[PDB]
């Protein structure tokens, strides 16, 4: 009885779809045309946004709220640290990723050529700057896939549609992270057809 209303290429919906796949819970997923909930379903979410999760009598929106709900409701596998301090670090990194990087993604998608390129340049350089972080661990500042990777993975997956290509200093490091995460069963299972179309290896 758990239903997720998702944007087929919506990065926020993708985050939730990865979590749902990781948790392995039974769920009905319905893709909308674009990035909005049908006007007739406004009763489910006054803001008519996706992702919107309906699990029994509880309706939730805002991917961040949905992901924590799923992690608290379905403990295994754990996607957050168990202790308060590292949990704060994780929530903060998730927030920084969304505020610093998903904002650039938004400017690239909604901007004219000039705005898009300026956002693109900044996003590309910043992503490459954190490359050293991976020479240390398999996942983002962790040895286990977590919600932080649920934020970073959908973003890096979209590099092709953002018009970004990694080469030079740091590219090898980022690509290694991308390969590790993109190869996971849950990540592959999280993909919609429109998302699979983005890369050769998943394209049908």
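Positions refer to the first chain, counted from 1.
Next on the checklist: On mean Cα temperature factor in this entry, is 151-159 or 43-51 the higher one?
Outcome noted: Averaged over C-alpha atoms, the B-factors run higher in 43-51.
Next on the checklist: Using only C-alpha atoms and the B-factors in the entry, which stretch averages higher, 176-184 or 14-22?
Outcome noted: The recorded data point to 176-184.
Checklist entry - Looking at 141, 70, 29, 60, which has the highest Cα B-factor in the entry? => result Across 141, 70, 29, 60, the entry lists the biggest C-alpha B-factor for 141.
Checklist entry - With respect to the C-alpha temperature factors reported in the PDB entry, which of 93, 133, 82, 108 ranks highest? => result Top of the list by C-alpha B-factor: 133.
Checklist entry - Can you tell me which third, lowest, middle or highest, the CA B-factor of residue 169 falls into for its chain? => result It falls in the top third of the chain.
Item to check | Third of the chain, ranked by Cα B-factor, where residue 86 sits | outcome: Answer is lowest: the recorded C-alpha B-factor places it there.
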